[PDB]
């Protein structure tokens, strides 16, 4: 039901991460002209795709809803379980409730990077959400104490 065109999949356009989720779940078929095929293309575009996807799939399966947080410089914003992106005139905290940084367990960072990640979360009145990825995935919520 989908057509791959550059870094979007057109259905009825979707980012590659959302199209991969549905293909992996079984409610989407893709096609270049006319799966390891689509993943290879996704990784060509985004080297961190698997890192981002593993975290993304994890939370969306658990009932969380994710949207882009690029305007803030983060990978995803994350609404709590029982959701509801839209709500009314808001206002369940508005892009609400965690800024998510999918990250590899073997990736290095300095604490300038750490402080930066928390500062942008703080600037949106959210809660920095760090999701370490390896064989397993662990989600760490960081709060700015004062102190």
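Residue numbers count along the first chain shown, from 1.
Novice: Quick one: classify how much of the deposited chain lacks coordinates between residue 34 and residue 35, choosing none, 1 to 3, 4 to 9, or 10 or more.
Specialist: Missing in between: 4 to 9 residues.
Novice: Counting only residues from the deposited sequence, how many are left out of the model between residue 135 and residue 136 (none, 1 to 3, 4 to 9, 10 or more)?
Specialist: Unmodelled stretch: none, continuous chain.
Novice: Out of 101 to 109 and 83 to 91, which one has CA B-factors that are higher on average in the deposited record?
Specialist: Comparing 101 to 109 with 83 to 91, the higher mean C-alpha B-factor belongs to 83 to 91.
Novice: Averaging C-alpha B-factors over each stretch, which comes out higher, 36 to 44 or 92 to 100?
Specialist: Between 36 to 44 and 92 to 100, it is 92 to 100.
Novice: For the chain shown, is the CA B-factor of residue 10 in the lowest, middle or highest third of its modelled residues?
Specialist: According to the entry, residue 10 has a C-alpha B-factor in the chain's middle third.
Novice: Tell me, lowest, middle or highest third: where does the Cα B factor of residue 62 rank within its chain?
Specialist: For residue 62, the deposited C-alpha B-factor lands in the highest third.
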